[PDB]
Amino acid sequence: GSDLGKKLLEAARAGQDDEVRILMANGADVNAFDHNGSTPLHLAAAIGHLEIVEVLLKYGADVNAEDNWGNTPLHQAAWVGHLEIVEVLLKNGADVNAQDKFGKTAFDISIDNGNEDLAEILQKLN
């Protein structure tokens, strides 16, 4: 599952949806991480692949996993403006008030970037 976890990180990184599904079916470590602390869920959240996010969550991905800087996948999704991914992470138990290395939540990030829709979603969902 360790060799498959390395392959899983690369498939999630490149947005290879089918590859991720095949790798999870073979038992790849869903909580594996690369040299940046980024797990497959962090990588999927950055590229905007909603189906990969859901596949990893179905196979037991830690929705509150932190990278080398203390960032959760919710922080990654908010930083790049992926609203539907933010909504799916919130539905699967993401801590809405998780703070990054500057004490900021997904809400503070959305406000700092002027994303009014993201801030509104975060307010209404929590």
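Residue numbers here begin at 1 and follow the sequence given.
- For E54, the recorded CA B-factor ranks within the lowest third of the chain. Only modelled residues enter the ranking.
- The PDB entry assigns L9 a C-alpha temperature factor belonging to the lowest third of its chain's modelled residues.
- Compared with the other modelled residues of the chain, the Cα B-factor recorded for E66 ranks in the middle third.
- When the modelled residues of the chain are ordered by their C-alpha B factor, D95 lands in the highest third.
- Per the deposited record, the Cα B-factor of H82 falls in the middle third when ranked against the other modelled residues of its chain.
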